[PDB]
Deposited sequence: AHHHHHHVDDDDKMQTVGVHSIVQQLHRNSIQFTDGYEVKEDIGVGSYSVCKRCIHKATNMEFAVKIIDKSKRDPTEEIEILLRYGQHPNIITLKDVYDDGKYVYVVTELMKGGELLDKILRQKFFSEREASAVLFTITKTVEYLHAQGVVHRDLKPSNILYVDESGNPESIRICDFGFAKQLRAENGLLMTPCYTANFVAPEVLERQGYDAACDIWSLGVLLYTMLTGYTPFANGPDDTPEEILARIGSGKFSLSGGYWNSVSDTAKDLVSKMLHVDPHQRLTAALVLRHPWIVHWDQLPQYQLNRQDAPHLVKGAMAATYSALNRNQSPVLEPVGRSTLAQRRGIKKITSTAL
């Protein structure tokens, strides 16, 4: 059993920071030393125990497009995770509110986000919650470089029976089959969530939900063998190639579903320059989509 080096020190969190309003619970804080603002996720050690989460942030937070860990504190009761504060709002939210947005931009956004997940998968890490509310802009520059994946609270590292850290490529140590099994699903679910992101970006509405009032039963009935709709209406002006990527990302059978690696090799991603640069015809109800998203993931987690 190796030592876990965490918390238990002199300087408290309150000493170096001051807590502003809300944004486990998230709140905007300020570093009173430099007067710089950050975000602090307060976790209840009597509930979660975010040892798995903090490990990922420390190790992978270096990634440009992954929310960066700026500090961490432990008072013995609660765990304080200080990260960079997202000033650009929700990615999908902002995009849907742009009257002028095209596939060329949609492919560049998904590329940056998928390239990020391909890295996490290769290190044996699965987010397991990819919903759009966790993908945010650090700033308003509008560039995909300002994109950040956030809230790894449900994230998981691949480990062997020994407790060792494992990567998908190196199999030489024993890992419980059902662990490798779930690891498969969890990785496929991440791509599925990204499939829901692309579908909404293109059309302007969610595939399995209309609005927040949709019953979980019907939402799950759709998500089930039930097939989504890639044609007519908002799909008429959408490129045929783009429709192909969406169907394979949302494929009902996980084993037939596309992998982050393959997604990046898709002509839609590979040849972006072929894609249309003109504004997409979409529904504008960003707030309604918000309700649909929450409702969709509420049925999943219940």
Deposited-sequence stretches lacking C-alpha coordinates, listed in sequence order
1-20, 44-48, 328-355
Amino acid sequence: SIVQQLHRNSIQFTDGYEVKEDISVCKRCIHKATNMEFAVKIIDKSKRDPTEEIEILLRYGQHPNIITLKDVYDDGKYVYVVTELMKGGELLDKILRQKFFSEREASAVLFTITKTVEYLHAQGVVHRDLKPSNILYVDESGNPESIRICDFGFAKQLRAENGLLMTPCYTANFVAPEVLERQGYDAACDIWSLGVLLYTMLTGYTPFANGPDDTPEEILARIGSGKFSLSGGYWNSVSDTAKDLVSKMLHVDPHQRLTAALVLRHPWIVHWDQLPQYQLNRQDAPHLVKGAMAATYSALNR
From here on, numbers count along this sequence of modelled residues.
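Here, rigid core means the biggest group of C-alpha atoms that superpose within 1.5 Å across both forms.
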Say the other structures are aligned on the rigid core; which stretch then has the higher CA RMS in 4 other deposited structures of this protein, 58-66 or 273-281?
273-281
Could you say which moves further from this form in 4 other deposited structures of this protein, stretch 10-18 or stretch 285-293, by root mean square CA distance after aligning on the core?
10-18
For the higher mean C-alpha B factor in the entry, choose 175-183 or 110-118.
175-183
For the stretches 277-285 and 290-298, which has the higher mean C-alpha B-factor as given in the deposited record?
277-285
Residue of maximum C-alpha B factor among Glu145, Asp71, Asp151, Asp213, per deposited coordinates:
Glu145
Please pick out which of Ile67, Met36, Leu58, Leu250 has the largest Cα B-factor as recorded in the entry.
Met36
Using only modelled residues of the chain, where does the Cα B factor of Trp268 rank: lowest third, middle third or highest third?
lowest
Lowest, middle or highest third of the chain for the C-alpha temperature factor of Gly163?
highest
Check where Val79 lands among this chain's C-alpha B-factors and tell me if it's the lowest, middle or highest third.
highest
Here the Cα B-factor of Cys189, set against its chain, lands in the third termed lowest
Among the modelled residues of its chain, the C-alpha B-factor of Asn134 falls in the third labelled lowest
